[PDB]
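Asks: Please find one structure pasted underneath; my questions will follow.
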Amino acid sequence: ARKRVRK
Amino acid sequence: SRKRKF
Amino acid sequence: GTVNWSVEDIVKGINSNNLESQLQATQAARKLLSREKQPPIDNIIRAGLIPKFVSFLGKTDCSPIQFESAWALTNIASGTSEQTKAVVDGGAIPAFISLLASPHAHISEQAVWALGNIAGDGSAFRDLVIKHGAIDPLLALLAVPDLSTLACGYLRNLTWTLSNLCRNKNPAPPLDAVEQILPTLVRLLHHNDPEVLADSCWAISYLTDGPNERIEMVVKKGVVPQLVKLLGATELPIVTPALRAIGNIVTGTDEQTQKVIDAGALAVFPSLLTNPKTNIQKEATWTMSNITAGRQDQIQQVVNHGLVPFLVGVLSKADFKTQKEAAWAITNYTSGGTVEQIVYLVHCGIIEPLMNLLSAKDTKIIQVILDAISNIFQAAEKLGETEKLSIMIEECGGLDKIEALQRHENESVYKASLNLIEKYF
């Protein structure tokens, strides 16, 4: 994964 | 020579 | 509360001259940007909130607004390259780097995450994050006697951000940055957390994908034995990057390939060449093809480990891409191998699947297969058994395939097929 969203 | 990179 | 705010209410709160109202509005924005479905990133950008979030990043006297703005900007930087670019244009990189040293662990973690997203956008933003001086504080965060004293999520985030700093090419990361990062990355490669291990292996795989000098940089740190250990792991998320790194390394010089072989990697390839995951099989066969392109003693190590029957197997039945990698491996084997080794290859049953694959609709595989046939025939000539091999190729229906190939569209293909039919049939 190149970018990850924080949820 | 015969090596193939990714 | 702070859930389901309108972008207009968030704007009104952030535009107030009240740091606490600004904090509540920023928290509402964070919650909007943490939605699982269609986070309104573009609407938040169009409202011009990124500069305000970046300014909030510097409010040391209000750590909650620091954390909330860092979270919002992280989620904005997680989307399209245009959105990450909007985050970078607001001056976020130096603010996040300054935040890395925050006394609050969660804020420093959020800064690490944001920098990871920005760097993962691409090589330009990666090198810009490096130029702003992120590596020194990032590594200082991991300067502990035992990594096990750090929070699991903290360590995973740091490892992933470092991996992104090792990622992408055109250009590859600056050599000095790689030298600065490698020691810590090796320490992480010896950590006992599967996610840390997987991301560290991914980083190593990035660093080994390029010119042989990069491979040497990595190999000099002695990571090959650990890479082989991880290659034997049970978790696919670990085996995949470990196999990628091993393959990359065996793309290099004969001595780097030999370092891979000395670590015992070949003993793992019986499983890898039969792995139920198609990608694992494909990359393992690609690795085997690069190993059979090595020296004759290395081909002999392939033989001794009983791997030729496994190449015969993947050539007989596998995904077509894996079969093409296997054909490449066979051609390299026959090009570099001794006469005895090619005879052994024939004795393991290569001719029938090799011939069956000549009916493929891919020119390149046909070429490769024909070069392999020519090499095996040369060995036969040396042993004076060309007619035996011709009979073996006829009985399995290969002569029909070559005669049909004589009328192929490509020029090299029909040239080679005709040459075989004229020299041996």
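Don't worry about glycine lacking a Cβ; one is built from the backbone with ideal geometry, like all the others, and counts go over all protein chains shown. Here, each number is a calculation from the coordinates, and none is a lab measurement.
Asks: About the Cα centre of the protein assembly as shown, how large is the charge dipole given +1 on each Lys and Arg Cβ and -1 on each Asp and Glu Cβ? Please answer in debye to the nearest 20.
Replies: Values: 44 positive and 44 negative charges, 197 e Å.
Computed about the Cα centre, the dipole is about 940 debye.
Asks: Inside 10 Å of the C-beta atoms of C:74-80, what's the mean count of C-beta atoms belonging to other chains? Don't skip to the end; give the middle numbers.
Replies: Values: counts 4, 5, 1, 3, 6, 2, 1.
Taking all residues of C:74-80 together, the mean is 3.
Asks: With θ set to phi - 60° and the Karplus curve 6.51 cos²θ - 1.76 cosθ + 1.60, what are the ³J(HN,Hα) couplings of segment C:158-170 in order, to the nearest whole Hz, using x for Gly and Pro?
Replies: Along segment C:158-170, the couplings run 4, 4, 5, 5, 4, 4, 5, 5, 8, 8, 6, 9, 6 Hz.
Asks: In whole Hz, with x marking every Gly and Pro, tabulate ³J(HN,Hα) for segment C:41-55 from phi via Karplus 6.51 cos²θ - 1.76 cosθ + 1.60, θ = phi - 60°.
Replies: Taking θ as phi minus 60°, the curve returns 4, 5, 5, 5, 5, 4, 6, x, 8, 4, x, 5, 4, 4, 4 Hz for segment C:41-55.
Asks: Relative contact order for segment C:63-139 using alpha-carbon pairs under 8 Å, separation at least 6, rounded to a whole percent? Kindly include the intermediate steps, with their values, before the conclusion.
Replies: Numbers: 74 pairs, mean separation 25.0, N = 77.
Value for segment C:63-139: 32 percent.
Asks: Find me the longest stretch of chain C that has none of the exposed GluC sites (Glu not before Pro), where exposed means in a DSSP loop (not H, G, I, E or B) with at most 11 other Cβ atoms within 10 Å.
Replies: C:37-408
Asks: Put a dot 7 Å past each Cα toward the Cβ at C:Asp42 and C:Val144; how far apart are the dots in nm?
Replies: Each label point lies 7 Å from its Cα, and together they span 4.2 nm.
Asks: Now, a different point. Can you pull a Stokes-Einstein diffusion coefficient for chain C at 10 °C (1.306 mPa s), Rh from Kirkwood over Cα pairs, as a whole number of µm²/s? Provide the component values of the computation, followed by the final result.
Replies: Numbers: Rh = 24.6 Å.
Answer from the Stokes-Einstein relation: 65 µm²/s.
Asks: Another question, if that's okay. Calculate for chain C the 222 nm mean residue ellipticity that helices alone would give, adding -39,500 (n - 2.57) per DSSP H run of length 4 or more and normalising by residue count, nearest 500 deg cm²/dmol.
Replies: Values: 28 runs with 304 residues, N = 425.
Computed mean residue ellipticity for chain C: -21500 deg cm²/dmol.
Asks: Here is a follow-up. In whole Hz and in residue order, list the ³J(HN,Hα) couplings for segment C:76-90 that follow from phi through the Karplus curve 6.51 cos²θ - 1.76 cosθ + 1.60, θ = phi - 60°; x for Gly and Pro.
Replies: The phi angles translate into 5, 5, 8, x, 4, 5, 5, 6, 4, 5, 4, 4, 5, 5, x Hz.
Asks: Another question about this same structure. How much of the calculated P(r) for segment C:62-211 lies past 26 Å, in percent of all Cα pairs? Spell out each step's value before the answer.
Replies: Details: 2132 of 11175 pairs.
More than 26 Å apart: 19 percent of the Cα pairs in segment C:62-211.
Asks: Sort all Cα-Cα distances of segment C:274-409 into consecutive 5 angstrom bins from zero, then give the percent of pairs in each bin up to the one containing the longest distance.
Replies: Taking every Cα pair in segment C:274-409, the percentages come to 2, 11, 22, 24, 21, 13, 6, 1, 0.
Asks: How well do other chains shield peptide C:286-295, expressed as the mean number of their Cβ atoms within 10 Å of each residue Cβ? Can you show the working numbers first?
Replies: Details: counts 2, 0, 0, 3, 5, 1, 1, 4, 2, 0.
Per residue, the average neighbour count from other chains is 2.
Asks: Ranking C:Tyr344, C:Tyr333 by Cβ neighbours within 10 Å, fewest first, what do you get?
Replies: Details: C:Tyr344 17, C:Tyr333 28.
Ordered from fewest to most neighbouring Cβ atoms within 10 Å, C:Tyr344, C:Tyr333 come out as C:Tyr344, C:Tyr333.
Asks: Kindly give the semi-axes, whole Å and largest first, of the ellipsoid equivalent to segment C:16-148, taking each as the square root of 5 times a Cα gyration tensor eigenvalue. List each step's numbers first, then the result.
Replies: Working: eigenvalues 107, 66, 34 Å².
Over the Cα atoms of segment C:16-148, the semi-axes work out to 23, 18, 13 Å.
Asks: If I model a spin label as a point 7 Å beyond the Cα along the Cα-Cβ vector, how far apart are those points for C:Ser316 and C:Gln296 in nm?
Replies: 2.9 nm
Asks: Let me ask something additional. Of C:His190, C:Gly336, C:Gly153, which is farthest towards the positive pole of chain C's charge dipole, taken about the Cα centre with +1 and -1 on the beta-carbons of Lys, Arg and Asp, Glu respectively?
Replies: Value computed over the given set: C:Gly153.
Asks: Please build a GNM for chain C, connecting alpha carbons under 10 Å apart, and tell me which residue among C:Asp146, C:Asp371, C:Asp199 fluctuates the most.
Replies: C:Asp146
Asks: Between C:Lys220 and C:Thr338, how high is the FRET efficiency from 1/(1 + (r/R0)^6) when r is the Cβ-Cβ distance and R₀ = 25 Å? Nearest 0.05.
Replies: On the way: r = 32 Å, r/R0 = 1.27.
E(calc), rounded to 0.05, equals 0.20.
Asks: Relative contact order of segment C:222-331: what whole-number percent is it, with Cα pairs under 8 angstrom and at least 6 residues apart?
Replies: Numbers: 130 pairs, mean separation 26.5, N = 110.
Once normalised by length, the contact order is 24 percent.
Asks: Taking the protein assembly as shown as the region of interest, what is the percent of Cα-Cα pairs per 20 angstrom bin, listed from the shortest bin to the one with the maximum distance?
Replies: The distribution over the protein assembly as shown is 24, 40, 25, 10, 1, given as percents.
Asks: Mean-square fluctuation check for chain C, GNM, Cα pairs under 10 Å: which of C:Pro171, C:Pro137, C:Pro237 is largest?
Replies: Comparing C:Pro171, C:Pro137, C:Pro237 in the GNM, the peak value goes to C:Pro171.
Asks: Quote the charge dipole size of segment C:317-425 about the Cα centre in Debye, to the nearest 20; the model charges only the Cβ of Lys and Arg (+1) and of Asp and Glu (-1). Please list the in-between numbers first.
Replies: Numbers: 11 positive and 16 negative charges, 58 e Å.
About 280 debye.
Asks: Using a Gaussian network model of chain C whose springs link C-alpha atoms within less than 10 Å, name the residue from C:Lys317, C:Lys37, C:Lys382 with the highest mean-square fluctuation.
Replies: Highest fluctuation among the options: C:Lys37.
Asks: Mind giving me the nanometre distance, one decimal, between the label points for C:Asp9 and C:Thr80, set 7 Å out from Cα along Cα→Cβ?
Replies: Reported label-point gap for C:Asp9 and C:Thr80 is 2.8 nm.
Asks: Can you tell me the relative contact order of chain C? Whole percent, Cα pairs under 8 Å, sequence separation 6 or more. Display every interim value, and only then the final one.
Replies: On the way: 580 pairs, mean separation 29.7, N = 425.
Reported relative contact order: 7 percent.
Asks: Placing +1 at every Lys and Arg Cβ and -1 at every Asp and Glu Cβ, with all other atoms neutral, what dipole size does chain C have around its Cα centre, in debye to the nearest 20?
Replies: The calculation lands at about 780 debye.
Asks: Please say if segment C:228-321 is rounded, prolate or oblate, where rounded means a/c under 1.5 for a ≥ b ≥ c the square roots of the C-alpha gyration tensor eigenvalues, and otherwise the choice is prolate for a/b larger than b/c and oblate otherwise?
Replies: Numbers: a/c = 1.63, a/b = 1.15, b/c = 1.41.
Verdict is oblate for segment C:228-321.
Asks: Past the 27 Å Cα-Cα mark, which pairs from C:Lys169/C:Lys321; C:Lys317/C:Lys364; C:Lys364/C:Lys423; C:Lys324/C:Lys415; C:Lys131/C:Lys282; A:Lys7/C:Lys12?
Replies: Working: C:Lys169/C:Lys321 24 Å; C:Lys317/C:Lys364 19 Å; C:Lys364/C:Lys423 22 Å; C:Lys324/C:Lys415 21 Å; C:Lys131/C:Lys282 38 Å; A:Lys7/C:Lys12 25 Å.
Table pairs above 27 Å Cα-Cα are C:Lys131/C:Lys282.
Asks: Starting at 0 and stepping by 5 Å, how many percent of the alpha carbon pairs of segment C:166-323 end up in each bin?
Replies: So the P(r) values, bin by bin, are 2, 9, 20, 22, 21, 14, 8, 3, 1, 0.
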